[PDB]
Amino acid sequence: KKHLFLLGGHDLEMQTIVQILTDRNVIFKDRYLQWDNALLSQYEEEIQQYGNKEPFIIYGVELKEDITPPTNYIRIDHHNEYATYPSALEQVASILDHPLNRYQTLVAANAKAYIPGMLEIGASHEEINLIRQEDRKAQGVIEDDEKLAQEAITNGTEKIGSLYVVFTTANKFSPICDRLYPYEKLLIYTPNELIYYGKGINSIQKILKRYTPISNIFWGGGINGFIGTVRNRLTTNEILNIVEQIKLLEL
């Protein structure tokens, strides 16, 4: 059985997956997707040529199935109902019988549990710093993202009990997280998007499902994981209402 991999949005894990797939001569297609456009329909041409053809198994790595996948398609993900699963890098390596080296174990740990996941595998201060910078660089974080981050922590950040609430006009939130870490609970929101990081995401999912269908909600990891809403699917008032509901969990 021959392997076809379709890669979704880019980050340090997806970059590492490209490296391993490259070194091992695996058929894979990388349309340089990002976290917000990781659609299976981006690979409609490849689904047409390899879909339902016996010799090939198709591995979609963190792709929303906005089109019906063929019968020879296996979803490779660690989000939503797969949120307790090992990271995509770990699952891809297992399929290829690739032993993850020390660097790649940190890539998987950061992908699944951020900085706590790396401290759990004995990461050093300099190991954590290189992973975080490479992770943000692979996301496309640039200098304008890091400035809006500094302003968001300086001028739009309050703490309610154990919860940081940051209003921002920024596009990428990883710059804010690394400046505020360590934290137990962090809520970043924009006029049409919010992402929660930290303890008790199941209680947050309860709140979100009162305001928007589950198809606008993504999450990953356990408690001390993240849960968020797709950009521009909720109104400003809906976000602001949710922000108050999340704040109410601290009172």
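Don't overthink the numbering: it's just position in the shown sequence, from 1.
Two stretches are in play, 26 to 34 and 40 to 48, and the higher mean C-alpha B-factor belongs to 40 to 48. In this entry, the higher average B-factor at the C-alpha atoms falls on 151 to 159, of the pair 151 to 159 and 87 to 95. Of the candidates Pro69, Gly60, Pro191, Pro213, the PDB record gives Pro69 the highest C-alpha temperature factor. Residues shown: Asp178, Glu126, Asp77, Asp135. Highest C-alpha temperature factor in the entry: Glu126. Per the PDB record, residue ranking by Cα B-factor puts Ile131 in the lowest third of the chain. Compared with the other modelled residues of the chain, the Cα B-factor recorded for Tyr183 ranks in the middle third. Sort the modelled residues of the chain by CA B factor and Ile246 lands in the lowest third. Among all modelled residues in this chain, the alpha-carbon of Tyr82 has a temperature factor (C-alpha) in the highest third. Compared with the other modelled residues of the chain, the Cα B-factor recorded for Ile223 ranks in the highest third.
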